[PDB]
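The next block holds one structure in the form of structure tokens; read it before the comments.
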Amino acid sequence: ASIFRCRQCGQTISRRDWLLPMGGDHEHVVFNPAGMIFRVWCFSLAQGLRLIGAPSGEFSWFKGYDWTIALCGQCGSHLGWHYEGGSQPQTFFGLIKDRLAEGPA
Ligand SMILES: O=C1CC[C@H](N2C(=O)c3ccccc3C2=O)C(=O)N1
Ligand SMILES: [Zn+2]
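Position in the sequence shown (from 1) plus 18 gives the number in the deposited numbering.
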């Protein structure tokens, strides 16, 4: 249990070693304006995503960061968001925990 893959298709996405404690915890539970709850795991790094459009600050869960939707680059599943335009770190990924599968490298 060291790498994270897209639950829907198996695309390689991230690694346990790349988890990022933002504000003291890599896990943040948040809601969007439609009331959907997301258990977000922050990672310093991810791969195999497709980042959609240009960044927006609207409703951002992380102060100082603008977001872009991150889809699985293979199957198009919404896996989370890429955050940028902030400070220490400038960028990171917030991925929806239950949309990933964890397993051996
Ligand atoms: O940091 C974030 C990422 C974007 C996220 N987001 C949503 O998941 C969403 C769904 C529908 C309409 C508008 C939004 C919105 O800004 C949100 O609420 N905060
Ligand atoms: Zn996928």
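Note that the Cβ used here is the ideal one computed from N, Cα and C, for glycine as well.
Item: Identify the continuous beta strand (DSSP E) that holds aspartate 84 and give its terminal residues.; Value: 84-90
Item: Report the rounded CA-to-CA distance for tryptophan 59 versus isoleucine 114, giving the unit in angstroms.; Value: 6 Å
Item: Using the C-alpha atoms, what's the distance from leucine 63 back to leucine 38?; Value: 9 Å
Item: Name, in chain order, the residues that DSSP records as bridge partners for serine 32.; Value: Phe22
Item: Whole angstroms is fine: what's the gap from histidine 44's alpha carbon to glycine 112's?; Value: 9 Å
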